[PDB]
There are 2 protein chains.
Amino acid sequence: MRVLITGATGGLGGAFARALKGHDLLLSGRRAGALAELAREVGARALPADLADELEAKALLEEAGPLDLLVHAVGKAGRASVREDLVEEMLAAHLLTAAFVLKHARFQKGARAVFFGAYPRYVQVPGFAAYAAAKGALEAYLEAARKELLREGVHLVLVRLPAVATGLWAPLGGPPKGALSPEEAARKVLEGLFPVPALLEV
Amino acid sequence: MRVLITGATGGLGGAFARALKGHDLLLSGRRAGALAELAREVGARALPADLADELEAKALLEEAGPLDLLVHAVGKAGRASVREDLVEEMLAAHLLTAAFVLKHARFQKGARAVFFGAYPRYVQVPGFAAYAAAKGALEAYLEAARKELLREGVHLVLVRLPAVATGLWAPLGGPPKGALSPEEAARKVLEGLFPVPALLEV
Ligand SMILES: NC(=O)c1ccc[n+]([C@@H]2O[C@H](COP(=O)([O-])OP(=O)(O)OC[C@H]3O[C@@H](n4cnc5c(N)ncnc54)[C@H](OP(=O)(O)O)[C@@H]3O)[C@@H](O)[C@H]2O)c1
Ligand SMILES: NC(=O)c1ccc[n+]([C@@H]2O[C@H](COP(=O)([O-])OP(=O)(O)OC[C@H]3O[C@@H](n4cnc5c(N)ncnc54)[C@H](OP(=O)(O)O)[C@@H]3O)[C@@H](O)[C@H]2O)c1
């Protein structure tokens, strides 16, 4: 399959990249150095970019060509009260990257496009309003776009993951207790994706 | 009560302004001319501003002083597919205005701050992804900020209104069939706000 993994330089992205290395893989991220080495390690193509910049997102997708699978493991985290530019940074990282990618992506019929939201009860708490808002927006955006994409034969998949041990938690003091290994989260997602008709009578 | 109605020049905002004219009312909007006349009509103070500009939002709230009630009747509408800057405009109009206002607002203990979200099943449909996302973000932002504000003795109220006949639908071809009159929507909201203990034994 032709696979594009954005956020490839992140915790989840890297797990997905190694789990899918047998495919025609394209990896994208902001840290070019880290990106190039991972791509080389898994035999993929490295195409660095800032997906919050629509022109860069557009050039990435036009270059990638028709995709069978897209995994947008893009995001950023932050903690702050609403009473004292985090909101804009969060929306840019989570929503704009996804919106620009989804708008310019070339898809094969039957393709799947995976995005990551969040369990409402877990993020909609003091200190995470900005993050919660960004994910609330992303999920709403995708649900609305759902029928539009299906018309093109593309299936949008919204993933809700529990805490995962990655660098995302760096500015938050590290992952919480019991956070899944990124490899395990990717395995479960890929497993959630893996029922085909046994008999087709035309 | 000291009341601030942002989006006062809009359909809902105007209804709220006329319904609350007996109070110490402050009205804000972008169209200065329309704003000044409504304010004069209801004996309120007119303070025009672009709430997507944080410095303007900050100056408005510092000038308004401690509020007993805030009604953020701010927003914009638009229709577009996700496959072909609406998303950023929607987030700015619905979320950033609310976030900047909520951050700099001065509140009296017991104050209420009203915001407008949307019924998910109604907006999360083809053509309204951007709008849906903005409202999805706003509701998530507020739910998270809920406990933070309660600590200050402030109650955040999230309102979900059905279609209402206002200029919001202008770029969409006009309000749908059965859309409520803005006056009726405001009456119901104000009614939803209006149970006090009859006996307090200290
Ligand atoms: N980790 C968790 O506990 C958890 C839980 C629920 C959902 N999620 C979501 O899962 C996804 C991946 O999270 P993660 O744990 O892998 O975070 P991560 O380790 O910090 O990786 C984040 C990725 O996003 C990329 N990115 C950020 N801004 C970008 C931009 N403007 N343009 C292009 N790429 C950008 C980063 O690229 P660079 O590093 O190269 O700059 C990085 O590759 C995110 O949507 C996250 O919100 C995570
Ligand atoms: N109408 C409906 O069917 C419906 C349904 C559900 C929810 N809602 C929500 O209810 C609220 C009011 O809607 P409405 O029907 O009254 O819309 P409306 O008639 O178009 O009024 C919108 C108001 O938002 C103000 N505004 C927009 N951008 C602004 C900015 N950047 N800075 C400051 N003010 C800004 C506009 O000011 P100017 O006109 O002066 O530029 C106007 O006062 C919105 O949140 C809307 O999404 C409406």
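Labels below follow one simple rule: chain letters A, B, ... track the order of the sequence lines, proteins then strands, and each chain is numbered from 1. No hydrogens, no waters, no symmetry mates; every other heavy atom, side chains included, goes into these values.
- Every residue two or more places apart in sequence or in another chain that forms a side chain to side chain contact (heavy atoms under 4.5 Å, CB included) with A/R146 is listed here: A/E143, A/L156, A/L158.
- Test B/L20, B/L4, B/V157 against B/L69 for side chain to side chain contact (heavy atoms under 4.5 Å, CB included) and you get one pass: B/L20.
- A/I5 contributes atom CD1, which lies 10.0 Å from atom CG of A/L38 (distance to the nearest 0.5 angstrom).
- Taking B/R83 as the reference, A/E152 meet the salt bridge (charged side-chain N to carboxylate O under 4.0 Å, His left out) condition, with sequence neighbours excluded.
- With sequence neighbours excluded, the residues that form a side chain to side chain contact (heavy atoms under 4.5 Å, CB included) with B/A44 are B/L25, B/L27, B/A39, B/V42.
- Listed for the A/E148 side chain is no donor-acceptor partner under 3.5 Å among the backbone atoms of B/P126.
- A donor-acceptor distance shorter than 3.5 angstrom exists from the side chain of A/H23 to the backbone of A/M1, with no hydrogens or angles considered.
- B/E88 has its side chain within reach of A/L96: a pair of non-hydrogen atoms, C-beta onward, lies under 4.5 Å apart.
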Carefully, step by step, assess B/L149 and B/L102 under the rule side chain to side chain contact (heavy atoms under 4.5 Å, CB included). CA-CA 9 Å; B/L149 278 289; B/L102 186 56; 4.1 Å; yes

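- Within the 3.5 Å criterion, the main-chain N or O of B/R160 finds a donor-acceptor partner in the side chain of B/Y119.
- The line from CD of A/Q108 to CG of A/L67 is 8.0 Å long, rounded to the nearest 0.5 Å.
- At least one side-chain heavy atom of A/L26 sits under 4.5 Å from a side-chain heavy atom of A/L47.
- The side chain to side chain contact (heavy atoms under 4.5 Å, CB included) check on B/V164 picks up B/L12, B/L161, B/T166, B/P182, B/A185, with sequence neighbours excluded.
- Annotation: side chain to side chain contact (heavy atoms under 4.5 Å, CB included) contacts of B/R79 (sequence neighbours excluded): B/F128, B/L172.
- For the salt bridge (charged side-chain N to carboxylate O under 4.0 Å, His left out) condition, no pair includes a residue of residues 120-133 of chain A, sequence neighbours left out.
- Residues passing the side-chain hydrogen bond (donor to acceptor under 3.5 Å, both in side chains) test with A/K103 are A/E54, sequence neighbours excluded.
- Taking 4.5 Å as the limit, some side-chain heavy atom of A/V189 sits within range of a side-chain heavy atom of A/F16.
- Residues that satisfy the side-chain hydrogen bond (donor to acceptor under 3.5 Å, both in side chains) test with A/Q124, not counting sequence neighbours, are absent from this structure.
- For the pair B/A137 and B/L95, the tightest heavy-atom approach, listed with the atom from each and the gap, is CB-CD2, 3.9 Å.
- Shown here for B/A165 and B/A179, the closest heavy-atom pair between the two residues is N-CB, 3.6 Å.
- Residues passing the side-chain hydrogen bond (donor to acceptor under 3.5 Å, both in side chains) test with B/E41 are B/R18, sequence neighbours excluded.
- Between A/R112 and A/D68 no salt bridge is recorded (no basic side-chain N to carboxylate O distance below 4.0 Å).
- Checking side-chain atoms of A/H104 against main-chain N and O of A/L61 turns up no donor-acceptor pair under 3.5 Å.
- Under the salt bridge (charged side-chain N to carboxylate O under 4.0 Å, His left out) criterion, B/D53 pairs with no residue, sequence neighbours left out.
- When side chains are defined from C-beta on, B/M90 counts as touching B/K76, because their heavy atoms get closer than 4.5 Å.
- Put simply, NZ on A/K109 and NE2 on A/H155 are 11.5 Å apart, with the number rounded to the nearest 0.5 Å.
- Looking at residues two or more places apart in sequence or on another chain, you find a salt bridge (charged side-chain N to carboxylate O under 4.0 Å, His left out) between B/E184 and B/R187.
- No side-chain heavy atom of B/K147 sits less than 4.5 Å from a side-chain heavy atom of A/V125.
- Of all heavy-atom pairs between A/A118 and A/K135, the closest is CB-CG, 3.9 Å.
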Start with the C-alpha gap between A/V87 and B/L91, add the side-chain angles, then the distance that decides, and say whether side chain to side chain contact (heavy atoms under 4.5 Å, CB included) holds. CA-CA 10 Å; A/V87 177; B/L91 276 294; over 6 Å; no

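- For the pair B/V159/B/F115, no side-chain contact is recorded, criterion being any heavy-atom separation below 4.5 Å from C-beta on.
- Using a distance-only test at 3.5 Å, with no hydrogens or angles considered, no donor-acceptor pair links the side chain of B/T9 to the main chain of B/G29.
- Judged by distance alone, the side chain of B/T97 and the main-chain N or O of B/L51 form no donor-acceptor pair under 3.5 Å.
- A distance of 12.0 Å separates OG of A/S28 from CZ of A/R45, quoted to the nearest 0.5 Å.
- Put simply, CD on B/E63 and CG on B/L60 are 8.5 Å apart, with the number rounded to the nearest 0.5 Å.
- B/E62 has a carboxylate O that lies under 4.0 Å from a charged side-chain N of B/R106, or vice versa, which qualifies the two as a salt bridge.
- A/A140 and B/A132 make their closest contact through CB-O, 3.4 Å (heavy atoms, listed as atom of the first residue, atom of the second, distance).
- When all heavy atoms are compared, the tightest approach of B/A129 to A/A144 is CA-CB, 3.5 Å.
- A distance of 5.0 Å separates CG in A/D24 from CZ in A/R2, rounded to the nearest 0.5 Å.
- Here B/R151 pairs with nothing under the side-chain hydrogen bond (donor to acceptor under 3.5 Å, both in side chains) rule; sequence neighbours left out.
- A/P175 approaches A/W169 most closely through the heavy-atom pair N-CB, 3.4 Å.
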So B/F116 and B/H94, ring pair (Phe, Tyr, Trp, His ring centres under 6.0 Å) or not? Walk me through it. CA-CA 9 Å; B/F116 301 88; B/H94 298 82; over 10 Å; no

